[PDB]
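Dumped start-v1.tsv below, it's TSV, C-alpha atoms and all ligand atoms:
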```tsv
chain	number	residue	atom	x	y	z
A	90	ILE	CA	51.99	-2.23	106.82
A	91	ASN	CA	50.46	-5.29	105.12
A	92	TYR	CA	48.32	-5.78	102.06
A	93	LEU	CA	46.43	-8.37	100.07
A	94	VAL	CA	46.19	-8.29	96.28
A	95	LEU	CA	43.22	-10.50	95.32
A	96	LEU	CA	42.46	-10.62	91.60
A	97	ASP	CA	39.43	-12.76	92.44
A	98	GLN	CA	38.32	-13.17	88.81
A	99	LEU	CA	40.32	-12.56	85.63
A	100	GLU	CA	38.17	-14.27	83.07
A	101	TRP	CA	37.07	-14.43	79.46
A	102	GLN	CA	33.30	-14.85	79.16
A	103	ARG	CA	31.27	-16.41	76.35
A	104	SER	CA	27.51	-16.38	75.96
A	105	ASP	CA	25.07	-15.93	73.07
A	106	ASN	CA	27.11	-14.21	70.31
A	107	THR	CA	28.87	-12.18	73.02
A	108	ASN	CA	32.46	-12.35	74.17
A	109	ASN	CA	34.44	-10.24	76.61
A	110	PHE	CA	37.29	-10.12	79.06
A	111	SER	CA	36.04	-9.38	82.57
A	112	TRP	CA	37.69	-8.78	85.93
A	113	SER	CA	36.82	-8.53	89.63
A	114	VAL	CA	39.59	-7.32	91.93
A	115	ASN	CA	39.21	-6.82	95.65
A	116	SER	CA	42.39	-5.77	97.46
A	117	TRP	CA	43.39	-3.96	100.65
A	118	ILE	CA	46.32	-2.24	102.35
A	119	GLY	CA	46.83	-1.19	105.94
A	120	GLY	CA	46.98	-2.37	109.53
A	121	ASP	CA	44.98	-4.77	111.66
A	122	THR	CA	42.08	-2.45	112.50
A	123	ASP	CA	41.97	-0.09	109.50
A	124	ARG	CA	42.70	-0.56	105.83
A	125	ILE	CA	42.12	0.94	102.41
A	126	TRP	CA	40.19	-1.33	100.02
A	127	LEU	CA	40.73	-0.98	96.28
A	128	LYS	CA	38.04	-2.74	94.31
A	129	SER	CA	37.70	-2.83	90.52
A	130	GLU	CA	35.41	-4.76	88.28
A	131	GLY	CA	34.69	-4.40	84.60
A	132	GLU	CA	34.39	-5.62	81.02
A	133	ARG	CA	36.04	-5.07	77.65
A	134	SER	CA	35.62	-6.50	74.17
A	135	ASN	CA	37.45	-5.75	70.91
A	136	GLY	CA	39.99	-3.55	72.70
A	137	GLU	CA	37.05	-1.34	73.76
A	138	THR	CA	36.46	-1.28	77.51
A	139	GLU	CA	32.67	-1.56	77.47
A	140	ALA	CA	32.36	-0.76	81.17
A	141	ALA	CA	34.51	-0.26	84.24
A	142	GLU	CA	33.89	0.39	87.92
A	143	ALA	CA	36.29	1.22	90.76
A	144	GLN	CA	35.81	1.72	94.50
A	145	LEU	CA	38.15	3.26	97.04
A	146	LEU	CA	37.03	2.48	100.58
A	147	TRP	CA	38.16	2.93	104.15
A	148	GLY	CA	37.58	-0.36	105.97
A	149	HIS	CA	37.37	-0.37	109.77
A	150	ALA	CA	37.28	-3.72	111.52
A	151	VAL	CA	34.10	-4.45	113.45
A	152	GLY	CA	34.87	-8.08	114.28
A	153	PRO	CA	37.29	-10.88	113.34
A	154	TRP	CA	36.08	-11.14	109.73
A	155	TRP	CA	33.96	-8.07	109.07
A	156	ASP	CA	34.70	-4.44	108.21
A	157	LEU	CA	32.51	-1.40	107.96
A	158	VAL	CA	33.48	0.24	104.64
A	159	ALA	CA	32.88	3.79	103.47
A	160	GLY	CA	34.19	5.52	100.40
A	161	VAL	CA	33.71	6.33	96.72
A	162	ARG	CA	32.59	4.35	93.66
A	163	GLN	CA	33.48	5.61	90.16
A	164	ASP	CA	31.67	4.20	87.11
A	165	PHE	CA	33.10	4.62	83.59
A	166	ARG	CA	31.33	4.01	80.28
A	167	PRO	CA	32.90	5.01	76.94
A	168	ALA	CA	30.97	8.31	76.81
A	169	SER	CA	29.98	8.83	80.44
A	170	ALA	CA	30.98	8.69	84.10
A	171	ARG	CA	29.26	8.62	87.46
A	172	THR	CA	30.41	9.04	91.06
A	173	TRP	CA	28.73	7.45	94.09
A	174	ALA	CA	29.24	7.65	97.82
A	175	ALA	CA	29.45	4.09	99.12
A	176	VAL	CA	28.77	2.67	102.56
A	177	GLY	CA	28.42	-0.93	103.61
A	178	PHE	CA	29.90	-4.00	105.25
A	179	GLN	CA	32.53	-6.36	103.84
A	180	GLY	CA	33.50	-9.77	105.19
A	181	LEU	CA	36.51	-11.69	103.92
A	182	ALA	CA	38.31	-14.82	105.05
A	183	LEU	CA	40.46	-16.30	102.27
A	184	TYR	CA	39.70	-19.97	101.52
A	185	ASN	CA	36.45	-19.59	103.47
A	186	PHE	CA	34.14	-16.85	102.18
A	187	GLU	CA	33.68	-13.32	101.03
A	188	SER	CA	30.45	-11.43	101.64
A	189	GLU	CA	29.43	-7.85	100.96
A	190	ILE	CA	26.47	-5.51	101.27
A	191	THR	CA	27.03	-2.00	99.98
A	192	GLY	CA	24.75	0.96	99.34
A	193	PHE	CA	25.57	3.75	96.89
A	194	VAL	CA	24.19	7.28	96.57
A	195	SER	CA	24.83	9.68	93.70
A	196	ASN	CA	23.90	13.21	92.74
A	197	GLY	CA	20.50	13.03	91.09
A	198	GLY	CA	18.83	11.33	94.06
A	199	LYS	CA	20.10	8.07	92.54
A	200	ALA	CA	20.65	5.13	94.87
A	201	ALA	CA	21.85	1.57	94.37
A	202	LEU	CA	22.45	-1.54	96.45
A	203	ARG	CA	24.73	-4.53	95.80
A	204	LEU	CA	24.69	-7.87	97.66
A	205	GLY	CA	27.40	-10.40	96.96
A	206	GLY	CA	29.02	-13.49	98.33
A	207	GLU	CA	31.15	-16.48	97.55
A	208	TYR	CA	32.43	-19.44	99.42
A	209	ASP	CA	35.09	-22.08	98.84
A	210	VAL	CA	34.25	-25.80	98.70
A	211	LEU	CA	37.50	-27.71	98.84
A	212	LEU	CA	37.47	-30.79	96.59
A	213	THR	CA	41.16	-31.34	97.33
A	214	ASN	CA	43.66	-28.96	98.92
A	215	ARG	CA	44.13	-27.48	95.45
A	216	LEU	CA	40.91	-28.17	93.49
A	217	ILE	CA	38.28	-25.76	94.80
A	218	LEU	CA	34.69	-25.18	93.71
A	219	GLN	CA	33.37	-21.68	94.37
A	220	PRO	CA	29.68	-20.80	94.23
A	221	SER	CA	28.96	-17.11	94.21
A	222	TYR	CA	26.08	-14.68	93.94
A	223	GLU	CA	25.64	-11.00	93.15
A	224	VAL	CA	22.42	-8.96	93.25
A	225	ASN	CA	22.06	-5.37	92.06
A	226	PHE	CA	19.28	-2.85	92.78
A	227	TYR	CA	18.96	0.66	91.29
A	228	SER	CA	16.48	3.39	92.16
A	229	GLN	CA	16.10	6.80	90.50
A	239	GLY	CA	14.54	-1.49	91.46
A	240	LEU	CA	15.94	-5.00	91.30
A	241	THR	CA	18.03	-5.00	88.14
A	242	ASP	CA	20.15	-8.09	87.87
A	243	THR	CA	21.41	-11.29	89.51
A	244	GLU	CA	24.47	-13.42	88.73
A	245	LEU	CA	24.78	-16.94	90.19
A	246	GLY	CA	28.24	-18.35	89.54
A	247	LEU	CA	30.11	-21.63	89.87
A	248	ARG	CA	33.87	-21.46	89.35
A	249	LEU	CA	36.13	-24.54	89.55
A	250	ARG	CA	39.78	-23.58	90.08
A	251	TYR	CA	42.97	-25.61	90.41
A	252	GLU	CA	45.58	-23.88	92.59
A	253	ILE	CA	48.83	-24.60	90.75
A	254	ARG	CA	50.40	-22.20	93.15
A	255	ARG	CA	48.26	-20.72	95.85
A	256	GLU	CA	49.03	-17.52	93.89
A	257	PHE	CA	47.92	-18.80	90.43
A	258	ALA	CA	44.71	-20.82	90.10
A	259	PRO	CA	43.33	-21.27	86.58
A	260	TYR	CA	39.64	-22.04	86.50
A	261	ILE	CA	36.63	-22.75	84.33
A	262	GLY	CA	33.10	-21.85	85.30
A	263	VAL	CA	29.52	-20.92	84.51
A	264	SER	CA	27.32	-18.01	85.53
A	265	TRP	CA	23.50	-17.89	85.42
A	266	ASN	CA	22.58	-14.24	84.79
A	267	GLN	CA	19.06	-12.82	85.04
A	268	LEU	CA	17.59	-9.35	84.49
A	269	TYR	CA	14.41	-8.07	86.13
A	270	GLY	CA	11.77	-5.41	85.70
A	271	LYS	CA	12.61	-2.51	83.40
A	272	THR	CA	16.08	-3.92	82.65
A	273	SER	CA	14.45	-7.17	81.50
A	274	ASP	CA	11.90	-5.27	79.40
A	275	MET	CA	14.62	-3.26	77.64
A	276	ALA	CA	16.63	-6.45	77.00
A	277	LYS	CA	13.58	-8.01	75.31
A	278	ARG	CA	12.89	-4.78	73.37
A	279	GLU	CA	16.40	-5.03	71.93
A	280	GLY	CA	15.54	-8.54	70.67
A	281	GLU	CA	17.45	-10.29	73.47
A	282	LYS	CA	16.58	-12.80	76.16
A	283	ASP	CA	16.52	-11.33	79.66
A	284	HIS	CA	18.75	-14.14	80.96
A	285	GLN	CA	22.04	-15.73	79.86
A	286	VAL	CA	24.22	-18.68	80.69
A	287	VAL	CA	27.80	-17.36	80.51
A	288	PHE	CA	30.81	-19.67	80.23
A	289	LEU	CA	34.05	-18.64	81.93
A	290	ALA	CA	37.76	-19.38	81.62
A	291	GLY	CA	40.19	-17.43	83.74
A	292	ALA	CA	42.56	-17.35	86.65
A	293	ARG	CA	42.39	-16.33	90.27
A	294	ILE	CA	45.57	-14.65	91.46
A	295	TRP	CA	46.47	-13.34	94.90
A	296	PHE	CA	49.59	-12.39	96.87
B	301	LIG	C1	31.54	-25.95	87.11
B	301	LIG	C2	32.28	-25.54	85.85
B	301	LIG	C3	31.33	-25.43	84.66
B	301	LIG	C4	32.09	-25.68	83.35
B	301	LIG	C5	31.33	-25.02	82.21
B	301	LIG	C6	32.05	-25.22	80.89
B	301	LIG	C7	33.07	-24.12	80.58
B	301	LIG	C8	33.47	-24.30	79.12
B	301	LIG	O1	34.10	-23.14	78.64
B	301	LIG	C9	35.45	-23.06	79.05
B	301	LIG	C10	36.28	-22.35	77.97
B	301	LIG	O2	35.55	-21.23	77.48
B	301	LIG	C11	35.36	-20.25	78.47
B	301	LIG	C12	34.84	-18.93	77.89
B	301	LIG	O3	35.37	-18.76	76.60
B	301	LIG	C13	36.14	-17.59	76.50
B	301	LIG	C14	35.36	-16.57	75.69
B	301	LIG	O4	35.98	-16.40	74.43
B	301	LIG	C15	36.29	-17.60	73.76
B	301	LIG	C16	35.93	-17.55	72.28
B	301	LIG	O5	35.63	-18.86	71.82
B	302	LIG	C1	25.15	-5.49	108.52
B	302	LIG	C2	25.51	-6.67	107.63
B	302	LIG	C3	25.17	-7.98	108.33
B	302	LIG	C4	26.23	-9.05	108.08
B	302	LIG	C5	26.04	-10.26	108.99
B	302	LIG	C6	27.36	-10.66	109.64
B	302	LIG	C7	27.30	-12.09	110.19
B	302	LIG	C8	27.64	-12.05	111.67
B	302	LIG	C9	28.53	-13.20	112.12
B	302	LIG	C10	29.83	-13.30	111.32
B	302	LIG	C11	31.04	-12.75	112.08
B	302	LIG	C12	30.68	-11.59	113.01
B	302	LIG	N1	31.89	-11.16	113.67
B	302	LIG	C13	32.44	-12.30	114.42
B	302	LIG	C14	32.84	-10.62	112.68
B	302	LIG	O1	31.62	-10.28	114.51
```

Rewrite the coordinates I just gave you, this time as structure tokens.
Amino acid sequence: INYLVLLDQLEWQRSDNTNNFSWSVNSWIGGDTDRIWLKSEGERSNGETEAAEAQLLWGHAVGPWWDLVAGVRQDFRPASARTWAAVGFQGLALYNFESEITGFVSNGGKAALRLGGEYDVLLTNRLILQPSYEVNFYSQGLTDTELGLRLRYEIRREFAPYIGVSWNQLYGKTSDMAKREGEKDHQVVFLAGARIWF
């Protein structure tokens, strides 16, 4: 009936001797009370997609801005794949906020939880500063946090180039493995990209 295509982040990322193209896409299709969400979010470098993740979710409205979502998450790595059942809650109001809390369950008793949010701070009607956060837990369990700041200029409302920074931290076993591989367990990542929706 209607739809929204929101390519929320299409961005090249630069940190310590790393470089990738990353994406975060969060789109939906349907009616006023029920919709199908298509989410996708991933990284590639050197023509090799290092990692990709997709979710297909039924969203049922529970109030003016919030949906209950239930569906499937599919993770891809070059030599492996993993399927999760997903259930959570998703809020979205364009030019205001997005917020999500989703749990995931997979075969081997594996569970995960993701918290995320962003909100728009209008500097002008077209220059918009967007702080964001994402928190990931895994249990077989806090694994990682990303605190972002993206400054976009809406040329068109449909094409908004931006620059930004993300403060990324690892925790616990993920942090210990990072250090064991000779790497810091935190990064400042620099971003250039575009936000596109229609
Ligand atoms: C509030 C905005 C913070 C601005 C931080 C500075 C961003 C500077 O970098 C912008 C251009 O670079 C972005 C990432 O680079 C792409 C990765 O590959 C490039 C290879 O050089
Ligand atoms: C279970 C997740 C909790 C999310 C908290 C939601 C905030 C409640 C108020 C925002 C809007 C609620 N509303 C109006 C959609 O019903």

Shell of 12 Å around ligand LIG 301 (chain B) (all atoms listed in the file), written as a count of residues only: 44

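Using only C-alpha atoms and all ligand atoms as the basis for the distance check, residues found within 7 Å of ligand LIG 302 (chain B) are residues 151, 152, 153, 154, 155, 178 and 190 of chain A.
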
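Reported to one decimal place, the separation of atom CA of residue 141 of chain A from atom CA of residue 281 of chain A is 22.5 Å.
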
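Closest approach to residue 227 of chain A among A:253, A:182, A:194, A:161 is made by A:194 (distances from all atoms listed in the file).
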
Option closest in space to residue 160 of chain A, from A:185, A:136, A:193, A:119 [counting all atoms listed in the file]: A:193

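Note that atom CA of residue 243 of chain A and atom CA of residue 181 of chain A are 20.9 Å apart.
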
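With atom CA of residue 257 of chain A on one side and atom CA of residue 112 of chain A on the other, the separation reads 15.0 Å.
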
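Between residue 137 of chain A and the residues A:184, A:91, A:209, A:168, the shortest atom-to-atom distance, using all atoms listed in the file, involves A:168.
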
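Each of A:147, A:222, A:117, A:173 was checked against residue 267 of chain A using only C-alpha atoms; the smallest atom-to-atom distance is that of A:222.
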
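Distances to residue 140 of chain A were evaluated for A:126, A:165, A:186, A:208 using only C-alpha atoms, and the minimum falls at A:165.
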
For residue 226 of chain A: contacts at 8 Å, all atoms listed in the file, fewer than 4 positions along chain excluded, given as an NGL selection string: :A and (201-203 or 239-242)
